[PDB]
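Residues 99 to 195 in PDB author numbering are what the first sequence lists, from first letter to last.
Quick reminder that beta carbons are idealized off the backbone N, C-alpha and C, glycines included.
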Amino acid sequence: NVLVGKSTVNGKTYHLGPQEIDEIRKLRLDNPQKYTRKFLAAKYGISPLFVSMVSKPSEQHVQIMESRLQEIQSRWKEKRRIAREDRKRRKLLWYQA
RNA sequence: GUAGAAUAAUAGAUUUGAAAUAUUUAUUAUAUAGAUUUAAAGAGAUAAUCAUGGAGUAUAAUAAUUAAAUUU
Ligand SMILES: [Mg+2]
Ligand SMILES: [Mg+2]
């Protein structure tokens, strides 16, 4: 197998209920730093994709991490910026087929 | 147009499927192994912008008289 998902290796599970899904949401909105996607996935035996599906982080959290991305991009040099645009175009060309 | 029906966005609302081939889907650093790429101090070719040079071209008094052709 190549880049296979864990659920695909061992099939999907449907075992969480409304109350613990709601409390997952409360934890995520409370302390996104302490209760990360991987932490919640480990705690509740689900996938980080499912955590993102059911929960939603805080606006402050997303704003600060977008700013972090902006800083990392700004610290780049000319060559890395061009290389990243090239990666984007190449990846887009993957799907045209 | 003294006015309405008539495309897409931009967002909004109300619904909507999923545990979503996410131990890499999007993008983000380090380390190891390996494979590579990227010059313009100047130059060639071509074109253009400035020159240089004076080939080529026109004219050889351009006044006036005579003659043929014209607006009123
Ligand atoms: Mg070059
Ligand atoms: Mg000259």
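Span of the alpha helix (DSSP H), counted from its first residue to its last, around residue i
i          : result
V107       : 104-107
residue 43 : It is not possible to answer for residue 43, since the shown part of the chain is limited to 99 through 195.
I170       : 157-172
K186       : 176-194
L147       : 146-152
With 16 other Cβ atoms within 10 Å as the buried cut-off, status of residue i
i    : result
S153 : buried
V100 : exposed
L138 : buried
Note to self: Does the structure place the segment 126-137 close enough to the segment 154-167 that three or more beta carbon pairs sit under 8 Å?
What the structure shows: yes
Notebook entry, point to check: For the 8 Å Cβ check, are there 3 or more pairs between the segment 102-117 and the segment 130-140?
Noted result: no
Margin query: Below 8 Å, how does it come out for the segment 135-145 and the segment 161-171: are there three or more Cβ pairs, yes or no?
Written below: no
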